[PDB]
């Protein structure tokens, strides 16, 4: 488990972190219900000649971390190795839709969720994680 203020981090192993839902959800959990709630993984940085892949999962913040795995796949970041005429590195972002996922895991009443990042290959830095509309 990693605190939100621990980012930026090097994703050398599987990590999880508690991510707050958007502020409007605090007063009314159905605020902005016809808009997609989006998980944003910011400041993804790596050398372009290194293949990168990490997978993203979400679980209910109230689950026991010492208990069985209840994580739900949300998406993946993939980069294929390449060269670039004036950049050694790429600095990018990943956005994943959460609205259906939160309904499926039955966490739509919660104010935060747990986001797990699972590195598969490649050295990569993660700048930050947030949820917004």
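Numbering follows the first chain given and starts at 1.
Comparing the deposited coordinates for 21-29 and 118-126, the stretch with the larger average C-alpha B-factor is 21-29. When the C-alpha B-factors of 83-91 and 63-71 are averaged, 63-71 comes out higher. Taking only the listed residues 35, 55, 100, 49, the entry reports the highest CA temperature factor at 35.
Per-chain ranking of the deposited C-alpha B factor places residue 39 in the lowest third. In this PDB entry, the Cα temperature factor of residue 105 sits in the top third of its chain's modelled residues, the highest group.
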